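S.K.: I'd like to ask you about the structure that follows.
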Amino acid sequence: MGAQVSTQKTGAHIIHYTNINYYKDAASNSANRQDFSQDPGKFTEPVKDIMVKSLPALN
Amino acid sequence: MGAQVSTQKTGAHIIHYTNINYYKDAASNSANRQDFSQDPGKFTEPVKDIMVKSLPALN
Amino acid sequence: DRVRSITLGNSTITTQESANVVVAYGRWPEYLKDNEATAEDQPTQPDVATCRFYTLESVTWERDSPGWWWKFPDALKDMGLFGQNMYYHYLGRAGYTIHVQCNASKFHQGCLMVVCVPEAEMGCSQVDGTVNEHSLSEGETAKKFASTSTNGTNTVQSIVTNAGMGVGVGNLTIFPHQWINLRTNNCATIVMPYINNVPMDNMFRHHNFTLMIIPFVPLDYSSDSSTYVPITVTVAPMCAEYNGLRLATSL
Amino acid sequence: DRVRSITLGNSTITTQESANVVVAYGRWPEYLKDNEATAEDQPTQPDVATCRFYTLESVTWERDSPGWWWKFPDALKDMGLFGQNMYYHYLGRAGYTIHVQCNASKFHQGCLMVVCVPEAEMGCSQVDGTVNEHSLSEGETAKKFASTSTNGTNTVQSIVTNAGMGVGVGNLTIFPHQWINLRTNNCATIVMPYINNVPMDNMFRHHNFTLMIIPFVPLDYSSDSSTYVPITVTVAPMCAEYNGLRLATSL
Amino acid sequence: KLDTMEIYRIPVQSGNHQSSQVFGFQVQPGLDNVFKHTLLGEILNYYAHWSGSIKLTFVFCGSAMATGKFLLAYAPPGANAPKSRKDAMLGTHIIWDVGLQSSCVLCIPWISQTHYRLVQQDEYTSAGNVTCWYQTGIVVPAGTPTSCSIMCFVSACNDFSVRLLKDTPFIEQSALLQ
Amino acid sequence: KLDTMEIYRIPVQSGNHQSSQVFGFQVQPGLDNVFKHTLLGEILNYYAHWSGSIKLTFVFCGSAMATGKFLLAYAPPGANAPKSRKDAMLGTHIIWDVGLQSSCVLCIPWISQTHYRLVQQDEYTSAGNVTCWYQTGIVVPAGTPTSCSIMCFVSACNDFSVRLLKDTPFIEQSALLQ
Amino acid sequence: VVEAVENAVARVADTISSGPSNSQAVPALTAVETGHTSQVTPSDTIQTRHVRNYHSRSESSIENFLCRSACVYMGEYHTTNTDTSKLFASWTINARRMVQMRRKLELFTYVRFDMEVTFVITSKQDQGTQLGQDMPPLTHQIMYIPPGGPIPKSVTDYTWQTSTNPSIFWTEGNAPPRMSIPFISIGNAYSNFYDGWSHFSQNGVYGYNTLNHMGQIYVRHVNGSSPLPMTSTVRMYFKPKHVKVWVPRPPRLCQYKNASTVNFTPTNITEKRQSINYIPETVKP
Amino acid sequence: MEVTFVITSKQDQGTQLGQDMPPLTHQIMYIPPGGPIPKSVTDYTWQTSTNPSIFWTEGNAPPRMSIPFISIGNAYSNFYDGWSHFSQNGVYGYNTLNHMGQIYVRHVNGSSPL
Amino acid sequence: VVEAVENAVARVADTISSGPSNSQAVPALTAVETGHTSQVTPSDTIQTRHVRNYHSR
Ligand SMILES: CCCCCCCCCCCCC/C=C/[C@H](O)[C@H](N)CO
Ligand SMILES: CCCCCCCCCCCCC/C=C/[C@H](O)[C@H](N)CO
């Protein structure tokens, strides 16, 4: 029946849930809360020549 | 559909139930009523040297 | 079976009339590990300069004695390098070995209860009032219970039957404890791990546990036996750790 | 080639204009081992709470400055847990990293010598007299050389050409040393191992080494350049060990 | 100075000023006036809990002929703030030498008894202080200015996180159409 | 004695006191004043039904030179409580000899026509009584106290259980903020 | 048919153990003039222990940061009146009148998402000397009009036929109405800032109001009733989902002035303290 | 936790009774520490842009929602034998550690001649 | 997809049959001073029949 089973948010130191889509448009679907990606170098390291961080910056 | 089938509470001297999770967070799940473990020795026998109970305690 | 020896650092305790040893909840002290740590700086571990027996002051067990208590830590803040490390750091962690001593002849009689109570929050003898720090602890000197209800400002309600906490004293056996029965043994020994809801804590702000000593059967003797019978406490920290070095604080 | 970083404990030093590092006699600090030990009790090793950089007070390098010296240890007896461990033990052992800083513009000129002298026994300015402890050291404050011969009771004969020891100052290069030439570099760094004739010693009774800072070429500048030029010292102990725990001594 | 660029500049100068402290402030990244309107503080003020290490970068903007060394120190909480270079010397510190590389980084590491501190910090979740002192002093040749300035940048490290969303107290209105 | 430690101490002494009973009480672990504020009674008062065996431990706190023997007896219900050692001798009993081991355990076994008894016990779910008598007597040498005390502990065995949760009658209030 | 989908949680980096060091590597010396932020950690500058860090950056993702309902409009309308225009409410759609949602959205230059729209409607008996009646439950009509549609003139206008416009009818006492709206813009993303004009001669309308153009909302009572006057209030709530944003910006410092412009009054950088060295004493007896 | 609310209403005693009110609606808002506090029943803070709120109408089933474990520690503490200030004074005991926000509740109709 | 989860019920201990005895084993003599609670059952002190106990905690 086109069900999806995925894991729930838990802690660290029976845990999954099921979902069905009812509507014909994807703009009716619930929010996408479980996607956690990053790419910080876009803003923190926007330079042409790579800087090693153990070497001096200049010279 | 990620269903779970487990046994019901009955007596001693057709007996199982099904469950589906609907929400994305595990803090939304129902209570965990069917787990029965014990470790009484933590409070009743907290001694370093084991006491046999057929032998005298001292000497 | 009744003889015991305990060695820690450069200190050693012997005894010839012991019962057994109580490991608080079956858990021995241990250092904090990586999958349970939050503070990031590398910690110091002195390891023989702090983990050794310190002896406090004695009390006199009289025919009418209600009992005594101490607060840990802050009973050891003036004990050598353990106290000095407490003064200079923000975070500390340690377990303990406690040893209580009281000897008497085969013609005396009496019974003491020795109990360790984690997070022993106490009440004031004025219902709409609060306690002062002096009323909870006098350092290496013991505070004293009463036999009747108490009055006074900022002082703890210290009638011995309610143990300063609003419970029935005869139930204190839910905690780690031993008994000293004068006909049976002459010392008690309790090993206590670090017990908190966070991995480390500040050693001046928070009292981790209270040691209580309560006579249930009063001391009694006959014609010309010895009258002076003292009780002595000796405590040694174990697996001591400190984080957050800065300038020394002052009370 | 000129940039350097040094990390110890929770402290870090950077520099952009260094020359090199001097390892006193090619020997790095290290702990005492078993085939060279005499004292029997297990020692304490705090290891991050003591082995870190402490910064002393600065001095002002004027156009007429003869020089400065410090005594080690006893310049660090009030520095946190290192000092507290010094107070409570009979025997101690440690090496050091010393770092001297002095920056100026490309329009100033001057030249300083930075030298470490083991067992710098000093003489009195009265030939048939002896020195007081105050005349040898003021803790974290530097003592000052003179440019002429000195007088006074119990004070050190401190004319800079004889270095307080009856030698020619231009020969002090036999010891571990560096130079700070204001046109070349702005800092000096010396790593010093434990140097004694016994494996451990008491840290109050015995000065292990003296740090001397002597300008050979005086500070000079022109019309409206900056007049205030300070010098700063920073020292970190390494591989620190203590034996013989007892009650705290008092001076 | 609240409406001028001088609010960003820390002043230093030559001569004997070893006894004078350069600057000092509390480590309260979401509450103290020094930090609450920077990018990091602005992000934190949407949340209730924070955790992680912090980076402070210091840049020297004097002429190419000025030299000097500074001591940058951080003290965990439990005592009052140091009043002299000797006391601050006992904390976590770095000695910065001004040279062809113009920038030094002091890292404040996460030393705490709890996993998280409150963005609205109180006595219980305090974190300590930062101070700066002259290690040697500023020396210059003739024909150069004698006063100079230093600037300071803040950012978060790669172990940093926040939680417990809330509304911010920095924006408001009295009626609609605003 | 309701506010003193003497409430916990049972008195005994030397001489001819064979006719005097030492103590006696009903077995009502959740209702009788003797048992309702101990740990076991406190747990039971949150429930309506209980079942299982009970342990009573007795410890002798006299000087190391006192000797004696006691008879500890338990009588199931159906008759009135015994008035002499001879009658109590016919029930379930143990003869305790005071020695280097200072503690004796009397176990009350589950003898009942129903599987459970009411925590709020009535005539129908009664369980009987416990009594203590001098089996020989207390003998001491010269120079020793002649009076002594005995203490008593209660706990539950490994066949014990409760059911039918309810609110407890030991806590109350007249208004909020309490 | 069942299909398993695996979720990867992303926790933060651990700290590695580090000892003493004496070398030529200088991690602490940098140069900000390059435009580069230093990637140093505590392990480069001090001695550290090993820590296994389990914290997660889950609640600071854009989707979790933005997916929460927020009010964007409130309006009132009467059942009876002598003005003929106070019997229905109407407005032009945007998210610029309530400052919290506006400032939150304005941390980014461009945004794109779908919306979930909720309405909250309440009513009240107008104050008067003669009260007391027996009215049936009130019903409400909400109609959305894309640009170019005919505009209602009154509460009995033919335009309420809503043949092609979507409408909602609702009765008081039930759960609040709700519907979802897809990403509807002639561009590839919504624009929060526009530094340009509407006319090719560099004049006309400046800035935001050139690009939005997303229709109007009208709301009326359906009963056509009320011997005694009554008032209703409608409130609109927005929640974005399936979000993407581009080009972060510094957050707004000055207070907002109007909904058409970015105009402001000069404000200070922060608040003052006594001294550049001042730090209060907190450890005192 | 699972949190449930039960809400009831009543006509105040008076000499003149009798009216025709529509069903009453209620708003419940939770405020974590540091949030702005409402001053009245028409304060802007009831916009609840980021705070979670519940709206409810009389006659329906009682409202309900679930809350996860929210504490800066590893567990909730029921007893705390310590102080709030590093000089061993200030606030004693439990009130040092809890700090879990406030709850505000109002009518939504803004109504009631009587 | 269905997934079976098995629940284990934990009932209390049975009592074992026991007859007369005359020996040196003394289960009834203890020492509370140790801090230890005695783990004796009725079968150590009296004669008992065998019971299969079905009660659950
Ligand atoms: C019958 C009831 C229908 C309700 C109609 C609601 C439609 C609302 C208009 C759709 C466009 C809203 C999407 C967001 C608009 C702006 O781009 C954003 N606030 C940011 O620019
Ligand atoms: C919009 C309605 C939201 C309702 C908000 C209810 C939140 C209640 C606060 C959450 C924390 C409650 C958890 C228990 C608190 C204490 O730790 C325990 N009572 C024991 O200490």
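For the structure tokens, the naming scheme is as follows: chains receive sequential letters (A, B, ...) according to their order of presentation, residues are indexed from 1 within each chain, and ligands are indexed from 1 in presentation order.
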Counting only C-alpha atoms and all ligand atoms, what are the residues, protein, DNA or RNA alike, that approach ligand 1 to within 6 Å? I want them as a ChimeraX atom specification.
M.R.: /G:93-95,142-144,166-168,190-192,214
S.K.: The selected residues should be written to file as a PDB file, in the first residue's frame (atoms: N, CA and C atoms).
M.R.:
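Listed below is the output, again-v1.pdb:
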ATOM      1  N   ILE G  93      -1.955  40.006   0.181  1.00  0.00           N
ATOM      2  CA  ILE G  93      -1.171  38.965   0.833  1.00  0.00           C
ATOM      3  C   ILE G  93       0.303  39.349   0.852  1.00  0.00           C
ATOM      4  N   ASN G  94       0.935  39.197   2.014  1.00  0.00           N
ATOM      5  CA  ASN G  94       2.389  39.207   2.182  1.00  0.00           C
ATOM      6  C   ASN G  94       2.684  38.742   3.605  1.00  0.00           C
ATOM      7  N   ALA G  95       3.951  38.838   3.994  1.00  0.00           N
ATOM      8  CA  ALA G  95       4.399  38.523   5.346  1.00  0.00           C
ATOM      9  C   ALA G  95       5.249  39.657   5.901  1.00  0.00           C
ATOM     10  N   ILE G 142     -14.501  32.563   3.239  1.00  0.00           N
ATOM     11  CA  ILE G 142     -13.184  33.098   2.911  1.00  0.00           C
ATOM     12  C   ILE G 142     -12.921  32.826   1.437  1.00  0.00           C
ATOM     13  N   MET G 143     -12.664  33.877   0.664  1.00  0.00           N
ATOM     14  CA  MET G 143     -12.382  33.746  -0.760  1.00  0.00           C
ATOM     15  C   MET G 143     -11.046  34.390  -1.105  1.00  0.00           C
ATOM     16  N   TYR G 144     -10.263  33.685  -1.912  1.00  0.00           N
ATOM     17  CA  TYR G 144      -8.973  34.156  -2.388  1.00  0.00           C
ATOM     18  C   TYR G 144      -9.111  34.613  -3.834  1.00  0.00           C
ATOM     19  N   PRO G 166     -10.935  29.607  -5.366  1.00  0.00           N
ATOM     20  CA  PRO G 166     -11.122  28.716  -4.217  1.00  0.00           C
ATOM     21  C   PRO G 166     -11.642  29.477  -3.008  1.00  0.00           C
ATOM     22  N   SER G 167     -12.596  28.866  -2.316  1.00  0.00           N
ATOM     23  CA  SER G 167     -13.176  29.435  -1.111  1.00  0.00           C
ATOM     24  C   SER G 167     -13.291  28.369  -0.031  1.00  0.00           C
ATOM     25  N   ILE G 168     -13.426  28.838   1.204  1.00  0.00           N
ATOM     26  CA  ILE G 168     -13.686  28.002   2.370  1.00  0.00           C
ATOM     27  C   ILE G 168     -14.955  28.509   3.040  1.00  0.00           C
ATOM     28  N   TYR G 190      11.170  33.211  -4.274  1.00  0.00           N
ATOM     29  CA  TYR G 190      10.707  34.466  -3.699  1.00  0.00           C
ATOM     30  C   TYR G 190      11.897  35.354  -3.365  1.00  0.00           C
ATOM     31  N   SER G 191      11.700  36.658  -3.502  1.00  0.00           N
ATOM     32  CA  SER G 191      12.738  37.638  -3.218  1.00  0.00           C
ATOM     33  C   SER G 191      12.314  38.471  -2.017  1.00  0.00           C
ATOM     34  N   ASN G 192      13.183  38.547  -1.012  1.00  0.00           N
ATOM     35  CA  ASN G 192      12.932  39.354   0.174  1.00  0.00           C
ATOM     36  C   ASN G 192      13.480  40.767   0.058  1.00  0.00           C
ATOM     37  N   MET G 214       0.595  38.902  -5.336  1.00  0.00           N
ATOM     38  CA  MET G 214       0.002  37.587  -5.106  1.00  0.00           C
ATOM     39  C   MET G 214      -1.441  37.654  -4.613  1.00  0.00           C
TER      40      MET G 214
END
S.K.: Within 9 Å of ligand 2, counting only C-alpha atoms and all ligand atoms, which protein or nucleic acid residues do you find, written as a PyMOL selection string?
M.R.: chain H and resi 1-5+27-32+51-55+63-71+75-78+98+100-103
S.K.: Selection from above, N, CA and C atoms, as a short mmCIF file (atom, residue, chain, number, x, y, z; two decimals), in the first residue's frame, can you write it?
M.R.:
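Dumped everything to out-v1.cif:
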data_model
loop_
_atom_site.label_atom_id
_atom_site.label_comp_id
_atom_site.auth_asym_id
_atom_site.auth_seq_id
_atom_site.Cartn_x
_atom_site.Cartn_y
_atom_site.Cartn_z
N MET H 1 6.53 13.23 29.17
CA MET H 1 5.26 13.56 29.80
C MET H 1 4.14 13.61 28.77
N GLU H 2 2.94 13.28 29.22
CA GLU H 2 1.71 13.56 28.50
C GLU H 2 0.88 14.50 29.35
N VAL H 3 0.54 15.66 28.79
CA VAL H 3 -0.11 16.74 29.50
C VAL H 3 -1.53 16.88 28.99
N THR H 4 -2.48 16.92 29.92
CA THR H 4 -3.89 17.10 29.60
C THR H 4 -4.42 18.30 30.38
N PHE H 5 -5.35 19.03 29.77
CA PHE H 5 -5.98 20.18 30.40
C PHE H 5 -7.48 19.96 30.48
N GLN H 27 -7.23 30.07 24.88
CA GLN H 27 -5.86 29.98 24.38
C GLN H 27 -4.90 29.68 25.52
N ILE H 28 -4.05 28.68 25.31
CA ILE H 28 -3.01 28.28 26.25
C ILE H 28 -1.66 28.45 25.57
N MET H 29 -0.78 29.24 26.16
CA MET H 29 0.55 29.48 25.61
C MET H 29 1.62 29.14 26.64
N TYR H 30 2.65 28.44 26.18
CA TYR H 30 3.79 28.06 27.00
C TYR H 30 4.97 28.97 26.66
N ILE H 31 5.65 29.47 27.69
CA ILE H 31 6.76 30.39 27.48
C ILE H 31 8.03 29.82 28.12
N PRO H 32 9.01 29.40 27.34
CA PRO H 32 10.30 29.00 27.92
C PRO H 32 11.02 30.20 28.52
N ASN H 51 6.41 30.39 20.17
CA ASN H 51 5.94 29.60 21.29
C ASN H 51 4.82 28.66 20.84
N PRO H 52 4.79 27.43 21.34
CA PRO H 52 3.65 26.56 21.06
C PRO H 52 2.43 26.98 21.87
N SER H 53 1.27 26.96 21.21
CA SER H 53 0.01 27.29 21.84
C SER H 53 -1.06 26.28 21.43
N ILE H 54 -2.12 26.24 22.23
CA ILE H 54 -3.31 25.45 21.96
C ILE H 54 -4.51 26.39 21.97
N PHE H 55 -5.36 26.27 20.95
CA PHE H 55 -6.66 26.92 20.92
C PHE H 55 -7.73 25.85 21.07
N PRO H 63 -8.11 18.86 25.70
CA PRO H 63 -6.87 18.92 24.92
C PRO H 63 -5.77 18.06 25.52
N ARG H 64 -4.77 17.75 24.70
CA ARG H 64 -3.68 16.88 25.12
C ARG H 64 -2.47 17.09 24.22
N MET H 65 -1.27 17.00 24.80
CA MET H 65 -0.04 16.93 24.00
C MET H 65 1.07 16.29 24.81
N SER H 66 2.09 15.79 24.11
CA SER H 66 3.21 15.12 24.76
C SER H 66 4.47 15.97 24.69
N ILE H 67 5.29 15.85 25.72
CA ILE H 67 6.47 16.68 25.93
C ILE H 67 7.66 15.76 26.17
N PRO H 68 8.80 15.97 25.53
CA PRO H 68 9.97 15.14 25.78
C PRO H 68 10.71 15.58 27.04
N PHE H 69 11.73 14.80 27.38
CA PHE H 69 12.58 15.04 28.55
C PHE H 69 13.43 16.27 28.29
N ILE H 70 13.13 17.36 28.99
CA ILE H 70 13.79 18.63 28.72
C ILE H 70 14.51 19.14 29.96
N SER H 71 15.77 18.77 30.13
CA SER H 71 16.54 19.33 31.22
C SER H 71 17.99 19.38 30.79
N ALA H 75 19.32 14.04 34.29
CA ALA H 75 18.06 13.63 34.89
C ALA H 75 17.49 14.80 35.67
N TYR H 76 16.18 14.74 35.91
CA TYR H 76 15.57 15.67 36.85
C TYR H 76 16.02 15.35 38.27
N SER H 77 16.15 16.38 39.08
CA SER H 77 16.56 16.24 40.47
C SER H 77 15.41 16.64 41.37
N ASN H 78 15.05 15.76 42.30
CA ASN H 78 14.00 16.04 43.27
C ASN H 78 14.52 16.64 44.56
N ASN H 98 15.41 24.12 38.66
CA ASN H 98 14.27 23.70 37.84
C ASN H 98 14.15 24.51 36.56
N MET H 100 11.88 25.88 34.25
CA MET H 100 11.24 25.33 33.06
C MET H 100 10.06 26.16 32.57
N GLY H 101 10.16 27.48 32.60
CA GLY H 101 9.21 28.34 31.92
C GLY H 101 7.90 28.52 32.65
N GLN H 102 6.94 29.12 31.94
CA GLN H 102 5.65 29.47 32.50
C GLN H 102 4.53 29.10 31.54
N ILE H 103 3.30 29.13 32.07
CA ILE H 103 2.09 28.89 31.30
C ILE H 103 1.15 30.07 31.49
#
S.K.: So that I can see what lies close to residue 136 of chain C, please list as a compact mmCIF listing (two decimals) with N, CA, C and O atoms, in the first residue's frame the residues with an atom at most 12 Å from it, counting only C-alpha atoms and leaving out residues fewer than 5 positions away in the same chain.
M.R.:
# COMPACT_ATOMS: atom_id res chain seq x y z
N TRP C 68 25.12 12.43 65.53
CA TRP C 68 26.03 13.36 64.87
C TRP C 68 25.90 13.24 63.35
O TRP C 68 25.51 12.19 62.83
N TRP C 69 26.24 14.31 62.63
CA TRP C 69 26.35 14.23 61.17
C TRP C 69 27.47 15.12 60.64
O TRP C 69 27.87 16.10 61.28
N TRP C 70 27.98 14.74 59.47
CA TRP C 70 28.94 15.52 58.70
C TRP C 70 28.48 15.63 57.25
O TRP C 70 27.74 14.78 56.76
N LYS C 71 28.97 16.65 56.55
CA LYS C 71 28.67 16.87 55.14
C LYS C 71 29.93 16.69 54.29
O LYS C 71 31.00 17.18 54.65
N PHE C 72 29.79 16.00 53.16
CA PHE C 72 30.90 15.70 52.28
C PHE C 72 30.55 16.14 50.86
O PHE C 72 29.46 15.80 50.36
N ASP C 74 33.45 19.44 51.81
CA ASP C 74 33.53 20.58 52.73
C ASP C 74 33.92 20.15 54.14
O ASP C 74 34.32 21.00 54.93
N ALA C 75 33.94 18.86 54.44
CA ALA C 75 34.63 18.37 55.62
C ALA C 75 36.10 18.10 55.34
O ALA C 75 36.86 17.84 56.28
N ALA C 120 21.14 14.97 51.09
CA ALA C 120 20.35 15.09 52.31
C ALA C 120 19.99 16.56 52.52
O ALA C 120 20.63 17.28 53.27
N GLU C 121 18.94 16.99 51.83
CA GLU C 121 18.41 18.34 51.97
C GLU C 121 17.66 18.47 53.29
O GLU C 121 16.83 17.62 53.61
N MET C 122 17.96 19.52 54.04
CA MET C 122 17.49 19.64 55.41
C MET C 122 16.51 20.78 55.56
O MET C 122 16.48 21.72 54.76
N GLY C 123 15.70 20.71 56.61
CA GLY C 123 14.69 21.71 56.88
C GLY C 123 15.01 22.64 58.03
O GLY C 123 15.81 22.29 58.91
N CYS C 124 14.39 23.81 58.05
CA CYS C 124 14.62 24.81 59.08
C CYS C 124 13.65 24.65 60.24
O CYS C 124 12.52 24.20 60.06
N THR C 130 14.62 29.82 56.26
CA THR C 130 15.63 29.06 55.53
C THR C 130 16.90 28.95 56.37
O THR C 130 17.14 29.75 57.28
N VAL C 131 17.71 27.97 56.02
CA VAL C 131 18.89 27.63 56.80
C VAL C 131 20.07 28.49 56.36
O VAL C 131 20.13 28.98 55.23
N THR C 141 34.33 19.60 62.31
CA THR C 141 33.55 19.41 63.53
C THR C 141 32.15 18.93 63.19
O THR C 141 31.53 19.38 62.22
N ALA C 142 31.65 18.00 63.99
CA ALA C 142 30.33 17.43 63.77
C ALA C 142 29.23 18.35 64.28
O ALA C 142 29.40 19.06 65.27
N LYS C 143 28.10 18.33 63.58
CA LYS C 143 26.87 18.89 64.10
C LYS C 143 26.17 17.85 64.97
O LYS C 143 26.40 16.65 64.84
N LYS C 144 25.31 18.32 65.87
CA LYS C 144 24.71 17.46 66.88
C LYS C 144 23.19 17.48 66.77
O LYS C 144 22.58 18.55 66.69
N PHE C 145 22.59 16.29 66.79
CA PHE C 145 21.14 16.18 66.85
C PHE C 145 20.64 16.56 68.24
O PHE C 145 21.41 16.70 69.19
N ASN C 154 17.40 30.40 61.61
CA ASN C 154 18.32 29.86 60.61
C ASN C 154 18.89 28.49 60.98
O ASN C 154 19.76 28.00 60.27
N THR C 155 18.42 27.86 62.06
CA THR C 155 18.98 26.58 62.47
C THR C 155 18.12 25.42 61.98
O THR C 155 16.93 25.57 61.70
N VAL C 156 18.75 24.25 61.87
CA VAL C 156 18.10 23.06 61.35
C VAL C 156 17.22 22.44 62.43
O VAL C 156 17.61 22.38 63.60
N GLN C 157 16.02 22.01 62.04
CA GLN C 157 15.14 21.26 62.94
C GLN C 157 15.73 19.88 63.17
O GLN C 157 15.69 19.02 62.28
N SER C 158 16.28 19.64 64.36
CA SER C 158 17.22 18.54 64.53
C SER C 158 16.77 17.52 65.57
O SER C 158 17.60 16.89 66.22
N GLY C 164 16.09 15.42 60.63
CA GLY C 164 16.25 16.67 59.90
C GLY C 164 15.67 16.69 58.51
O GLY C 164 15.87 17.66 57.78
N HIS C 206 27.92 22.35 46.35
CA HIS C 206 27.02 21.20 46.43
C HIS C 206 27.57 20.18 47.41
O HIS C 206 28.70 19.70 47.25
N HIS C 207 26.78 19.83 48.42
CA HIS C 207 27.10 18.73 49.32
C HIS C 207 26.62 17.42 48.70
O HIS C 207 25.42 17.23 48.48
N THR C 210 25.75 13.05 53.09
CA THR C 210 25.83 13.28 54.52
C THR C 210 26.10 11.96 55.25
O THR C 210 25.49 10.94 54.94
N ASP H 81 21.02 19.34 47.75
CA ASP H 81 21.60 19.84 49.00
C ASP H 81 22.77 20.78 48.69
O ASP H 81 23.94 20.45 48.86
N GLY H 82 22.41 21.97 48.22
CA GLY H 82 23.42 22.92 47.79
C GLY H 82 22.85 24.32 47.67
O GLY H 82 21.72 24.59 48.07
N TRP H 83 23.66 25.20 47.11
CA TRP H 83 23.36 26.62 47.01
C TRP H 83 23.37 27.05 45.55
O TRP H 83 23.78 26.30 44.66
N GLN H 88 28.42 29.86 49.02
CA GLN H 88 27.58 29.06 49.93
C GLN H 88 26.48 29.90 50.57
O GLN H 88 26.28 29.86 51.78
N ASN H 89 25.76 30.66 49.75
CA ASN H 89 24.59 31.41 50.19
C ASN H 89 23.70 31.64 48.97
O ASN H 89 23.89 31.03 47.91
N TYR H 92 18.61 28.26 48.49
CA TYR H 92 18.90 26.91 48.94
C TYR H 92 17.94 25.91 48.31
O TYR H 92 16.72 26.12 48.31
S.K.: Would you give me, as JSON, numbers by chain, the residues of chain A that come within 10 Å of chain E, using only C-alpha atoms?
M.R.: {"A": [40, 56, 57, 58, 59]}
S.K.: Can you tell me, as a list in words, what residues are no more than 9 Å from residue 73 of chain F when counting only C-alpha atoms, ignoring any on the same chain fewer than 2 positions away?
M.R.: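 What passes the distance filter is residues 71, 75, 88, 89, 90, 91, 92, 93, 94, 95, 106, 129, 130, 131, 132 and 133 of chain F.
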S.K.: I'd like the neighbourhood of residue 110 of chain F as an MDAnalysis selection string, where a residue qualifies if any of its atoms comes within 9 Å (using only C-alpha atoms), though same-chain residues fewer than 4 positions away should be ignored.
M.R.: (chainID F and resid 51:54 127) or (chainID I and resid 42)
S.K.: Atoms to include: N, CA and C atoms. Write the selected residues as a tab-separated table (two decimals), in the first residue's frame.
M.R.:
chain	number	residue	atom	x	y	z
F	51	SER	N	0.05	-10.47	49.08
F	51	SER	CA	0.22	-11.91	49.25
F	51	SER	C	1.69	-12.24	49.41
F	52	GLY	N	1.98	-13.22	50.26
F	52	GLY	CA	3.35	-13.69	50.43
F	52	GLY	C	3.80	-13.89	51.86
F	53	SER	N	5.05	-14.30	52.03
F	53	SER	CA	5.63	-14.60	53.33
F	53	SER	C	6.42	-13.40	53.85
F	54	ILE	N	6.56	-13.32	55.17
F	54	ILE	CA	7.15	-12.15	55.82
F	54	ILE	C	8.31	-12.61	56.70
F	127	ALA	N	-4.95	-12.84	59.87
F	127	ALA	CA	-3.76	-13.65	59.68
F	127	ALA	C	-3.09	-14.15	60.95
I	42	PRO	N	10.48	-19.85	53.91
I	42	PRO	CA	9.85	-20.80	54.83
I	42	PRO	C	10.43	-22.20	54.75
S.K.: Restrict the calculation to only C-alpha atoms, then for each residue of chain A with any atom at most 9 Å from an atom of chain B give the closest atom pair and their distance in Å to one decimal, rows by chain and rising residue number, as a tab-separated table.
M.R.:
residue	atom	partner	partner_atom	distance
A:1	CA	B:1	CA	8.0
A:2	CA	B:1	CA	8.4
A:3	CA	B:1	CA	5.5
A:4	CA	B:1	CA	6.9
A:5	CA	B:2	CA	5.8
A:6	CA	B:2	CA	8.8
A:7	CA	B:24	CA	8.2
A:8	CA	B:25	CA	5.5
A:9	CA	B:25	CA	5.5
A:10	CA	B:26	CA	6.5
A:14	CA	B:4	CA	7.9
A:15	CA	B:26	CA	6.8
A:16	CA	B:21	CA	7.3
A:17	CA	B:21	CA	4.8
A:18	CA	B:2	CA	5.9
A:19	CA	B:22	CA	6.9
A:20	CA	B:1	CA	8.9
A:33	CA	B:24	CA	8.9
S.K.: Please, which residues of chain B, numbered as in this document, come out alpha helix (DSSP H) from DSSP, as a ChimeraX atom specification?
M.R.: /B:41-44
S.K.: Could the residues in this selection be written to a file with C-alpha atoms, as a PDB file, in the first residue's frame?
M.R.:
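Result saved to again26.pdb:
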ATOM      1  CA  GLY B  41      20.665  -7.753  45.195  1.00  0.00           C
ATOM      2  CA  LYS B  42      21.670  -4.140  44.570  1.00  0.00           C
ATOM      3  CA  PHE B  43      19.896  -3.130  47.791  1.00  0.00           C
ATOM      4  CA  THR B  44      19.569  -6.327  49.833  1.00  0.00           C
TER       5      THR B  44
END
